[PDB]
Amino acid sequence: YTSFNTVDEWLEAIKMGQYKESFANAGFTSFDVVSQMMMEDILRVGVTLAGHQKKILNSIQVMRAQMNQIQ
(Lines of atoms letter the chains of each structure in order from A; the text may use other names.)
(Lines give C-alpha, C1' and ligand atoms only; values in the text may rest on other atoms or scores of the structure.)
Protein backbone atom coordinates (compact mmCIF):
# COMPACT_ATOMS: atom_id res chain seq x y z
CA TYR A 8 0.00 0.00 0.00
CA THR A 9 2.06 2.43 1.83
CA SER A 10 5.48 1.24 0.80
CA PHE A 11 5.98 4.95 0.54
CA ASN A 12 6.61 7.04 3.53
CA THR A 13 5.99 9.79 0.97
CA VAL A 14 3.87 11.17 -1.94
CA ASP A 15 6.95 11.44 -4.24
CA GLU A 16 7.63 7.73 -3.64
CA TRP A 17 4.07 6.84 -4.43
CA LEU A 18 4.03 8.86 -7.62
CA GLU A 19 7.29 7.08 -8.40
CA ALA A 20 5.84 3.67 -7.61
CA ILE A 21 3.01 4.19 -10.08
CA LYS A 22 5.56 5.51 -12.54
CA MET A 23 4.05 9.01 -12.33
CA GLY A 24 7.12 10.63 -10.78
CA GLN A 25 7.14 13.28 -13.53
CA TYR A 26 4.40 15.01 -11.53
CA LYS A 27 6.00 15.24 -8.07
CA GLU A 28 7.00 18.79 -8.85
CA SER A 29 3.37 19.60 -9.75
CA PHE A 30 1.81 17.82 -6.78
CA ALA A 31 4.17 19.36 -4.21
CA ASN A 32 3.76 22.89 -5.51
CA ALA A 33 -0.02 22.48 -5.14
CA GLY A 34 -0.11 21.40 -1.49
CA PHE A 35 -0.79 17.72 -2.10
CA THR A 36 2.08 16.72 0.18
CA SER A 37 0.63 13.89 2.26
CA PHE A 38 -1.50 10.87 1.50
CA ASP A 39 -4.21 12.29 3.66
CA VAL A 40 -4.97 15.09 1.23
CA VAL A 41 -3.85 13.21 -1.93
CA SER A 42 -6.34 10.43 -1.22
CA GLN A 43 -9.10 13.02 -1.27
CA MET A 44 -8.06 14.33 -4.71
CA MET A 45 -10.69 14.25 -7.43
CA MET A 46 -10.31 14.57 -11.19
CA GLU A 47 -10.54 18.38 -10.86
CA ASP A 48 -7.48 18.40 -8.56
CA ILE A 49 -5.56 16.11 -10.89
CA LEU A 50 -6.23 18.54 -13.74
CA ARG A 51 -5.21 21.50 -11.58
CA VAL A 52 -1.88 20.05 -10.50
CA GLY A 53 -1.74 19.93 -14.27
CA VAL A 54 -2.11 16.29 -15.29
CA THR A 55 -3.40 16.60 -18.87
CA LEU A 56 -2.83 13.15 -20.40
CA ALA A 57 -5.92 10.93 -20.20
CA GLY A 58 -3.99 7.82 -19.26
CA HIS A 59 -2.21 9.56 -16.42
CA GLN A 60 -5.36 11.10 -14.99
CA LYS A 61 -6.80 7.59 -14.91
CA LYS A 62 -3.80 5.71 -13.53
CA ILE A 63 -3.54 8.35 -10.82
CA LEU A 64 -7.19 8.65 -10.04
CA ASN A 65 -7.52 4.85 -9.78
CA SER A 66 -4.51 4.60 -7.49
CA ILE A 67 -5.95 7.31 -5.31
CA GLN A 68 -9.23 5.44 -5.23
CA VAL A 69 -7.49 2.27 -3.97
CA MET A 70 -5.47 4.38 -1.47
CA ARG A 71 -8.57 6.09 -0.16
CA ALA A 72 -10.63 2.92 0.11
CA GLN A 73 -7.81 1.20 1.97
CA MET A 74 -7.31 4.10 4.38
CA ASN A 75 -11.01 3.89 5.01
CA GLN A 76 -10.83 0.24 6.13
CA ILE A 77 -8.18 0.99 8.84
CA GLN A 78 -10.35 4.06 9.63
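In terms of the deposited numbering, the sequence shown opens at residue 8 and continues consecutively. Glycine residues also receive a C-beta, built at the ideal position from the N, C-alpha and C atoms.
Cutoff 8 Å; reference residue i; Cβ partners in own chain excluding five residues on either side
i          : result
residue 75 : none
residue 14 : 27, 30, 31, 35, 36, 37, 38, 41
Selection from the options that minimises the alpha carbon distance to residue i
i          : options        : result
residue 62 : 72, 35, 73, 46 : 46
residue 48 : 12, 58, 57, 35 : 35
residue 25 : 39, 53, 11, 44 : 53
residue 56 : 23, 16, 39, 28 : 23
residue 65 : 21, 15, 13     : 21
residue 59 : 33, 18, 73, 78 : 18
residue 67 : 51, 77, 44     : 44
Residues of its chain near residue i, where Cβ-Cβ distance is below 6 Å and the 5 sequence neighbours each way are ignored
i          : result
residue 70 : 42
residue 8  : 73
7 Å CB neighbourhood of residue i in its chain, flanking five on each side removed
i          : result
residue 11 : 17, 20
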